[PDB]
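**Q** Residue numbers (the deposited numbering), protein chains in the order written: chain B, 2 to 216; chain G, 1 to 145; chain E, 18 to 174; chain 4, 1 to 36.
A virtual CB, placed ideally from N, CA and C, is assigned to each residue, including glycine.
I am attaching a structure below and will ask some questions about it afterwards.
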RNA sequence: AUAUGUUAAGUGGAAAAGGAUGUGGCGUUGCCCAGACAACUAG
RNA sequence: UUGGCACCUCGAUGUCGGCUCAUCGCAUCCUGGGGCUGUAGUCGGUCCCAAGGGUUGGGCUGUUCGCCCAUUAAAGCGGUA
RNA sequence: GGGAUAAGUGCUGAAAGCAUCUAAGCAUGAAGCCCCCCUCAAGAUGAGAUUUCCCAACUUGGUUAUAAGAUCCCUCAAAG
Ligand SMILES: [Mg+2]
Ligand SMILES: [Mg+2]
Ligand SMILES: [Mg+2]
Ligand SMILES: [Mg+2]
Ligand SMILES: [Mg+2]
Ligand SMILES: [Mg+2]
Ligand SMILES: [Mg+2]
Ligand SMILES: [Mg+2]
Ligand SMILES: [Mg+2]
Ligand SMILES: [Mg+2]
Ligand SMILES: [Mg+2]
Ligand SMILES: [Mg+2]
Ligand SMILES: [Mg+2]
Ligand SMILES: [Mg+2]
Ligand SMILES: [Mg+2]
Ligand SMILES: [Mg+2]
Ligand SMILES: [Mg+2]
Ligand SMILES: [Mg+2]
Ligand SMILES: [Mg+2]
Ligand SMILES: [Mg+2]
Ligand SMILES: [Mg+2]
Ligand SMILES: [Mg+2]
Ligand SMILES: [Mg+2]
Ligand SMILES: [Mg+2]
Ligand SMILES: [Mg+2]
Ligand SMILES: [Mg+2]
Ligand SMILES: [Mn+2]
Ligand SMILES: [Mn+2]
Ligand SMILES: [Mn+2]
Ligand SMILES: [Mn+2]
Ligand SMILES: [Mn+2]
Ligand SMILES: [Mn+2]
Ligand SMILES: [Mn+2]
Ligand SMILES: [Mn+2]
Ligand SMILES: [Mn+2]
Ligand SMILES: [Mn+2]
Ligand SMILES: [Mn+2]
Ligand SMILES: [Mn+2]
Ligand SMILES: [Mn+2]
Ligand SMILES: [Mn+2]
Ligand SMILES: [Mn+2]
Ligand SMILES: [Mn+2]
Ligand SMILES: [Mn+2]
Ligand SMILES: [Mn+2]
Ligand SMILES: [Mn+2]
Ligand SMILES: [Mn+2]
Ligand SMILES: [Mn+2]
């Protein structure tokens, strides 16, 4: 069990020993530091809180999130770290190896390791039924005045509401998605890059959390 | 409108009591406690206000059943989603979270009216034998009849 | 031999081992006792008769235990181990793990002849019900794990 | 077990008994069992 | 609440022909210490 | 289902079949677990448990049905105006 | 993978000297039941927890600006 945070840089090919052509997503994990140890003792459960990418300066008196605020300052300073821009827990770690101040580094993931990867899923807008649930369209032609409408939405006078399940248009792109069982392909310790077999759900520059596969 | 005492919030005091479920039938402990909770027990009872005392029921785990119903009496629940009824739980409730078995069971014998609602919020059921609420200094109370 | 402990009529036999519940609420008699037929009052007579029966079945096997014998009437036959009979039985394409140390359960090895070797007839009847459970007596060429002395009806291909 | 509303012994080896709250035949013949 | 019994199915808190060593009452009877039911030994 | 009755609606409760979207029952078509078998094996018949999921594309007909061609593990039956 | 179960298969067992899976008590057993798997979720008013941040002047409970902290407004997009 292990995990690291990382920014999705994008996709490329790479070549197997057999000439096998393996699509790859390039994840990048510069500068993750453990920030807090969550024990059953105080926090009630077990977790390692890792702080991803580095961010600026001090309670510097200005507009952006780019600059850390006093609460962050104190949280990072309890960990002797510069303030970080993404922070996540991993429960299901080894919770004892891991002392608070330390870096995690890419080298923890070894090539051929199979993993699960979390991350929020790109982002379509308010979307129609045919795009959002795949539903077949009505006929064009043959006099139809039906194309992209979600169908009948219910019964007659018996189910006299619309059932709570019903699926219809709206926002598409949120929702965290994790995808199961992907090989680590290489790990490039020089740039902190790590190659992942297949595609991980981001947009681009999306934060993704790689962790050791479950099942 | 000759005479008839009505208890004000000025004119009312709320006592705390602890009940040992251990050794009792579910329904009988339930009804006795519900009357305790509604104040239906003081001579100064008055309907439009919460006249009741606090009840902490203890060792909820040891509550018992009469019939062959540890297995035969199911609780249902529906999620307001289609076909999302949930048959689950029998005297399995008494196994995990019996605090709710006693809680909901007692609470089903109070009126469904905001007063009755506040009244239900005066109960405290612990499967173990050790309430947090020692500071309220509850008096131990024996089940009548 | 004639040694058994008592308290709240839930008392271990002094030889080897025991521990058991009683249904309580019943007339009881020392040593062998009797009256499986009737006691106490009402149709609880059945229950008490099961009590006398259980304790009697208990004392009967503590000095001389009863052991079921199982014969493997097929071309395959189980080997042995210090905690298992190693049932490579019939021809299912793998050996199965088996057995437990609970109370006392001995192994056996005699080229297709095995035995539970417990104390009380309930534990023996159980571990052997399951030792015989792994394959069944298919009534043609009669093949399969078989309790010794069992009727095993057959039929025509 | 043949599963029927009616339950009577099948043959003069058969015996009737309750077993789950259900009356059942026990004829010893494999194709003569019953349980209402 | 009281006194005496019943019911173990939640019967109570839906249903029939038909089916069952489910239990309770009330009777009438044939074999029983000359040994019977059942079990076990002998055709 | 075909009906009987005429209790709601005649100052209006749109109607067959398809299309879109489904939802539920179990008297289960497939799949999972078993009993009996006139069950050797491979298949099957029949009953029992089980409703999680699944349950096809065409020719003819407005068709629902139905026959047929070709596939499928299977090409389930009913409720929801 | 684990737990409990159905039909079923049984073990021990009297009522009913036998016999019987059952009434006491045990063991086994399904794509189904629960946990496991994925997302949501403290308006869970039962409103939870952890870490860090800020910290007074006036007062006949309060009053007013401020701090931590944001937002308006402005350049934007991976968001809409
Ligand atoms: Mg468009
Ligand atoms: Mg109980
Ligand atoms: Mg609890
Ligand atoms: Mg209401
Ligand atoms: Mg039937
Ligand atoms: Mg059973
Ligand atoms: Mg009812
Ligand atoms: Mg009639
Ligand atoms: Mg009847
Ligand atoms: Mg009678
Ligand atoms: Mg009678
Ligand atoms: Mg007479
Ligand atoms: Mg729709
Ligand atoms: Mg049928
Ligand atoms: Mg189904
Ligand atoms: Mg579904
Ligand atoms: Mg077709
Ligand atoms: Mg064909
Ligand atoms: Mg098949
Ligand atoms: Mg059809
Ligand atoms: Mg349908
Ligand atoms: Mg168990
Ligand atoms: Mg809120
Ligand atoms: Mg509050
Ligand atoms: Mg909150
Ligand atoms: Mg503008
Ligand atoms: Mn289409
Ligand atoms: Mn139009
Ligand atoms: Mn058009
Ligand atoms: Mn309409
Ligand atoms: Mn009485
Ligand atoms: Mn009923
Ligand atoms: Mn009748
Ligand atoms: Mn009609
Ligand atoms: Mn009319
Ligand atoms: Mn008329
Ligand atoms: Mn009108
Ligand atoms: Mn109208
Ligand atoms: Mn069925
Ligand atoms: Mn089958
Ligand atoms: Mn279906
Ligand atoms: Mn199990
Ligand atoms: Mn016996
Ligand atoms: Mn909070
Ligand atoms: Mn003051
Ligand atoms: Mn500020
Ligand atoms: Mn860009």
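Using beta carbons (cut-off 7 angstroms, strictly below), is residue 138 (chain G) in contact with chain B?
**A** Numbered from its first residue, the second chain carries residue 138 (chain G) at position 138. By this cut-off, residue 138 (chain G) is not an interface position.
**Q** Using 8 angstroms for Cβ pairs, my map puts residue 37 (chain E) next to residue 44 (chain E). What's the rounded Cβ distance?
**A** Here residue 37 (chain E) refers to the residue found at position 20 of the third chain. Here residue 44 (chain E) refers to the residue found at position 27 of the third chain. Not confirmed; about 18 angstroms, so no contact.
**Q** Mind pulling the chain B residues with CB within less than 9 angstroms of residue 81 (chain G)?
**A** Taking the first residue of the second chain as 1, we reach residue 81 (chain G) at position 81. Within 9 angstroms Cβ-Cβ: 164, 165 and 166.
**Q** Who are residue 140 (chain G)'s beta bridge partners in DSSP?
**A** Stepping through the second chain from its first residue, residue 140 (chain G) is reached at position 140. Answer by DSSP bridge pairing, in chain order: 18 (chain G).
**Q** Measuring only the C-alpha atoms, how far is residue 62 (chain E) from residue 55 (chain E)?
**A** Position 45 of the third chain, counting from 1, holds the residue named residue 62 (chain E). Position 38 of the third chain, counting from 1, holds the residue named residue 55 (chain E). Distance between the alpha carbons of residue 62 (chain E) and residue 55 (chain E) is about 5 angstroms.
**Q** Given a cut-off of 7 angstroms on the beta-carbon distance, is the pair residue 32 (chain G) and residue 143 (chain G) in contact?
**A** To locate residue 32 (chain G), count along the second chain from 1; it is residue 32. To locate residue 143 (chain G), count along the second chain from 1; it is residue 143. In this structure, residue 143 (chain G) lies closer than 7 angstroms to residue 32 (chain G) by Cβ.
**Q** What is the DSSP secondary structure of residue 115 (chain E), counted as helix, strand or coil?
**A** Counted from its first residue, the third chain places residue 115 (chain E) at position 98. Coil, per DSSP.
**Q** Could you spell out the range, first to last residue, of the alpha helix (DSSP H) harbouring residue 139 (chain E)?
**A** To locate residue 139 (chain E), count along the third chain from 1; it is residue 122. Segment 138-148, the alpha helix (DSSP H) holding residue 139 (chain E).
**Q** Short check: CB of residue 40 (chain E) to CB of residue 53 (chain E), under 7 angstroms?
**A** As a position in the third chain, residue 40 (chain E) is number 23, starting the count at 1. As a position in the third chain, residue 53 (chain E) is number 36, starting the count at 1. No, they are not a contact pair.
**Q** Where does residue 118 (chain B) land, buried or exposed, given buried means 16+ other C-beta within 10 angstroms?
**A** As a position in the first chain, residue 118 (chain B) is number 117, starting the count at 1. It counts as buried.
**Q** Using only the alpha-carbon positions, how far apart do residue 9 (chain G) and residue 67 (chain B) sit?
**A** Looking up residue 9 (chain G) in the second chain gives position 9. Looking up residue 67 (chain B) in the first chain gives position 66. Whole-angstrom Cα-Cα distance: 55 angstroms.
**Q** Output the distance between the C-alpha atoms of residue 98 (chain B) and residue 95 (chain G), rounded to the nearest integer angstrom.
**A** Here the question's residue 98 (chain B) lines up with position 97 in the first chain. Here the question's residue 95 (chain G) lines up with position 95 in the second chain. Going by the C-alpha atoms only, they are around 37 angstroms apart.
**Q** I need the straight-line Cα distance from residue 79 (chain E) to residue 124 (chain E), nearest angstrom please.
**A** Here the question's residue 79 (chain E) lines up with position 62 in the third chain. Here the question's residue 124 (chain E) lines up with position 107 in the third chain. If I take the Cα positions, the gap works out to 19 angstroms.
**Q** Starting from residue 151 (chain B), follow the alpha helix (DSSP H) in both directions and report where the run begins and ends.
**A** For the purposes of this step, residue 151 (chain B) is taken as the residue at position 150 of the first chain. Careful: residue 151 (chain B) lies outside any alpha helix (DSSP H) and carries neither H nor E.
**Q** Run through the stretch 104-135 of chain G for me and flag every whole beta strand (DSSP E) of 3 or more residues, listed as ranges in chain order.
**A** 123-126, all fully within the stretch 104-135 of chain G.
**Q** Is it the case that the Cβ atoms of residue 7 (chain B) and residue 212 (chain B) are separated by a distance below 7 angstroms?
**A** The residue labelled residue 7 (chain B) in the question sits at position 6 within the first chain. The residue labelled residue 212 (chain B) in the question sits at position 211 within the first chain. Taking 7 angstroms as the Cβ cut-off, residue 7 (chain B) and residue 212 (chain B) do not qualify as a contacting pair.
**Q** Quick one: residues in its chain with C-beta nearer than 8 angstroms to the C-beta of residue 76 (chain G), no 5 flanking neighbours on either side, listed in chain order?
**A** To locate residue 76 (chain G), count along the second chain from 1; it is residue 76. Result list for residue 76 (chain G): 85, 86 and 87, in chain order.
**Q** Assess, as a yes-or-no matter, whether the stretch 126-137 of chain G is touched by the stretch 109-118 of chain G under the definition of 3 or more beta carbon pairs within less than 8 angstroms.
**A** No contact exists between the stretch 109-118 of chain G and the stretch 126-137 of chain G.
**Q** For residue 66 (chain G), I'd like the list of residues in its chain whose CB is within less than 7 angstroms of its CB, leaving aside the five on either flank, ordered along the chain.
**A** The residue labelled residue 66 (chain G) in the question sits at position 66 within the second chain. Same-chain partners within the cutoff: 25.
**Q** Counting pairs of Cβ atoms below 8 angstroms between the stretch 137-156 of chain B and the stretch 34-52 of chain B, do you hit three or more?
**A** No: fewer than three Cβ pairs fall under 8 angstroms.
**Q** Pop quiz: residue 103 (chain G) and residue 17 (chain G) are said to be a contact at Cβ under 8 angstroms. What is the actual Cβ separation, rounded to whole angstroms?
**A** Residue mapping note: residue 103 (chain G) aligns to position 103 of the second chain, counting from 1. Residue mapping note: residue 17 (chain G) aligns to position 17 of the second chain, counting from 1. Contact doesn't hold; Cβ gap of about 16 angstroms is too wide.
**Q** Could you tell me whether the stretch 83-95 of chain B touches the stretch 170-184 of chain B, using the rule of 3 or more Cβ pairs below 8 angstroms?
**A** The stretch 83-95 of chain B is not in contact with the stretch 170-184 of chain B.
**Q** Comparing alpha-carbon positions, which option in 5 (chain G), 108 (chain G) and 137 (chain G) lies nearest residue 48 (chain G)?
**A** Your numbering for residue 48 (chain G) matches position 48 in the second chain. Of the listed residues, the one whose Cα sits closest to residue 48 (chain G) is 5 (chain G).
**Q** Go ahead and label residue 105 (chain G) buried or exposed: buried means 16 or more other beta carbons lie within 10 angstroms of its beta carbon, across all protein chains shown.
**A** Here residue 105 (chain G) refers to the residue found at position 105 when the second chain is read from its first residue. Classification of residue 105 (chain G): buried, given that the 10 Å Cβ count is 16 or more.
**Q** Tell me the DSSP bridge mates of residue 12 (chain B)?
**A** Counting from 1 along the first chain, the entry for residue 12 (chain B) is found at position 11. Paired residues: 26 (chain B).
**Q** Would you call residue 18 (chain 4) buried or exposed, if buried means 16 or more other Cβ atoms sit within 10 Å of its Cβ?
**A** By one-based count along the fourth chain, residue 18 (chain 4) stands at place 18. Exposed: under 16 other Cβ atoms inside 10 Å.
**Q** Report the start-end ranges of each alpha helix (DSSP H) in the stretch 34-67 of chain G that is 4 residues or longer and not cut off at the edges.
**A** Fully enclosed alpha helix (DSSP H) runs of 4 or longer: not present.
**Q** When the Cα atoms are used, what is the spatial distance from residue 100 (chain E) to residue 201 (chain B)?
**A** Walking along the third chain from the start, residue 100 (chain E) turns up at place 83. Walking along the first chain from the start, residue 201 (chain B) turns up at place 200. Spanning the two alpha carbons is a distance of roughly 50 angstroms.
**Q** With a threshold of 8 angstroms on Cβ separation, who are the neighbours of residue 44 (chain G) within its own chain once the five nearest residues in sequence on each side are excluded?
**A** Numbered from 1 along the second chain, position 44 holds the residue referred to as residue 44 (chain G). Here the set comprises 5, 7, 11, 12 and 51.
**Q** Mapping the DSSP letters down to three states, classify residue 71 (chain E) as helix, strand or coil.
**A** As a working note, residue 71 (chain E) is residue 54 in the third chain. Here residue 71 (chain E) sits in helix by DSSP.
**Q** Taking the alpha carbon of residue 77 (chain B) as the point to measure from, which residue in 59 (chain B), 64 (chain B) and 63 (chain B) has its own alpha carbon closest?
**A** Numbered from 1 along the first chain, position 76 holds the residue referred to as residue 77 (chain B). For residue 77 (chain B), the nearest C-alpha among the options comes from 59 (chain B).
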